[PDB]
């Protein structure tokens, strides 16, 4: 009706249509702590909100009041919950409510309550039709918004909207190949569709990732995805990979490559490789290089890995 910052906004205490209900002040006790000295506008809205909540007044006036309470503090989960009680009680048009939450999220996309509210609406409507495009708009403004990604995963899984997501992932990796949220989405799509047990799919993914590593060798996310898609079967189960990285070592001896070699050696030793003593010596040499020169921030981790290898494989 009238927005909180509109020139014609009137305090609730001055509204004739609210005259019949007494506001309920917040009791902070006689000796308050962490006491927020609210603006007049804030206190006015929340005094009337406390009144409608106390009375459990399920009215159109209470519904409009929640919009103002939300503008004042969109992290107020009590107000959001009451608004949903009213949406149901008053049989409000949920498509109009979807337009409202769309606007609100655009303004405040880093907020748990607004995303949860949207999910409840989509659940109630069983209508995911605006979701992928809307989320894509939020992600256009911040490609790593955690709530946006989480909501996208929910919509896709709940409504089985898998068909175009790998293409979307590819587009965002083209824009920023360092976007870890997108590598995570890549795993989410593949594991839930084809799986990684299909050896043709796994090969496609290993090639794709190695190509990304060649383009941007110090991008941690691609290294992490490579390990992530191979680790459960065991890095040592992929003998060609070791050779390929060993061929890359001299010219591209990054801490990521060197760490990946240690990870391979660790698994090899766990699986009774031939030339155990040789593999152990190479692993310990690399742990020392990482601890002392190439990855010194992780000195304590690399020293632990060295001791761990010796406790398991020395003889």
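Residue numbers count along the first chain shown, from 1. So that the term is clear: the rigid core is the largest set of C-alpha atoms that superpose within 1.5 Å between two forms.
- Take 286-294 and 246-254, fit the other structures onto the shown form by the rigid core, and average the C-alpha distances in 8 other deposited structures of this protein: the farther stretch is 246-254.
- For the two regions 180-188 and 117-125, the entry's Cα B-factors average higher over 117-125.
- Mean CA temperature factor is higher for 157-165 when stretches 67-75 and 157-165 are set side by side in the entry.
- When the Cα B-factors of 204, 151, 81, 92 are read from the PDB record, 92 comes out highest.
- Ranked by C-alpha B-factor against the other modelled residues of its chain, residue 224 falls in the lowest third.
- When the modelled residues of the chain are ordered by C-alpha B-factor, residue 11 sits in the middle third.
- Per the deposited record, the Cα B-factor of residue 57 falls in the highest third when ranked against the other modelled residues of its chain.
- For residue 214, the recorded CA temperature factor ranks within the highest third of the chain's modelled residues.
- For residue 246, the recorded CA temperature factor ranks within the highest third of the chain's modelled residues.
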